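In the form deposited in one PDB entry, a lone chain appears below as structure tokens.
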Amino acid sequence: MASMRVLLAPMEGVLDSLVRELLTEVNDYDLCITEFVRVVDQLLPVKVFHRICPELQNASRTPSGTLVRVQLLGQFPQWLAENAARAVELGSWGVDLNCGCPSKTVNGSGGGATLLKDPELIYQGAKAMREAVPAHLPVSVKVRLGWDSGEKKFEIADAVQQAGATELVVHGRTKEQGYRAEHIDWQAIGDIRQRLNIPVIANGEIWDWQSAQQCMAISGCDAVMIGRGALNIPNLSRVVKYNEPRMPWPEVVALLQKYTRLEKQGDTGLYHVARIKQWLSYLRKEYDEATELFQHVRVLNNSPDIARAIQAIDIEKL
């Protein structure tokens, strides 16, 4: 009965430092990846890295102690390398490169999924980052299987290994397959793993204990990355590693109350409401109780009204 790694996926516009703080304290995530820093042709200021990844000031860990890694998105090897170096100087435990997400091409620099059309770009990006990060810290890369087909999936994988990356996360879909459940190919993740000599972390459609078991049995990976599921089920790392039942509704309400108490405390803004609405939108998929709450919360505009709504729910009488 085997060791296993579970990583918390990066999620631009959904997961920030505060949500990472809350989730990690009720989970056993081995690592969270931050939402990406967009790299074009410039070294980004220290403020940008600290505000995206406050954990850099706590030895690259959430307050409960979970490691966090800074992600980059961009194409130009010079600048990835220089931003990679800055993330590490500031204390990031290694650095990740995003080759999975659809992304605008700004100033001739593409990024994310658009690199999947030309694996040589991934090789050059990742290799410059590997050369600029001290050799003992890791450099990871996240990929999809290709742009509009999986034909280049092994070329993408090789590019990452040959650049000297430490590990590879495979979102087992193409870019054009988006998030459609019917297209996840965990078997291709496995075919990739077999060919490589670095750890492959399986990603996509991992919702619960059984799905994770199924995914690992097919891919052969002893590591997985959970994204949307980590919001659907707040203790999903424990569900997946130990077959814990899903967090019961009264404990998730307690968690959201805490969200709103830290919301105000951190001074995160008078109209900082999107992530709390989004979280509830995800929680409808697993908890019938969250549909009523989401309705009452979605029509609200500001963080104070939303807090009173949520921290007025009596956890006992429930």
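A residue's number is simply how far along the shown sequence it sits, counting from 1. We call the rigid core whatever largest set of C-alpha positions still superposes within 1.5 Å between the two forms.
As recorded in the PDB entry, 175 to 183 is the stretch of 215 to 223 and 175 to 183 with the greater mean C-alpha temperature factor. Averaged over Cα atoms, the B-factor as recorded in the entry is higher for 302 to 310 than for the other of 19 to 27 and 302 to 310. Of the residues listed, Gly164, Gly125, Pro234, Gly108, the entry assigns the biggest Cα temperature factor to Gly108. Ranking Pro250, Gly65, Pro45, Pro54 by Cα temperature factor from the entry places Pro250 first. Ranked by Cα temperature factor within the chain, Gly146 sits in the middle third according to the deposited record. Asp118: CA B factor lies in the highest third for its chain, per the PDB record.
Compared with the other modelled residues of the chain, the Cα B-factor recorded for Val40 ranks in the middle third.
Per the deposited record, the Cα B-factor of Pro102 falls in the highest third when ranked against the other modelled residues of its chain. In the PDB entry, a CA B factor belonging to the lowest third of its chain's modelled residues is recorded for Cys32.
The discussion below concerns the form deposited in another entry, not included here.
Among the candidates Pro45, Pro250, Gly269, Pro63, displacement between the shown form and the other one reaches 2 angstroms at the C-alpha for one position only, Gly269 (superposition on the rigid core).
In the other entry, the Cα-Cα separation between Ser64 and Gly266 grows by 3 Å or more relative to the displayed conformation.
One change in the other entry concerns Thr268 and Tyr259, whose Cα atoms lie at least 3 Å farther apart than in this form.
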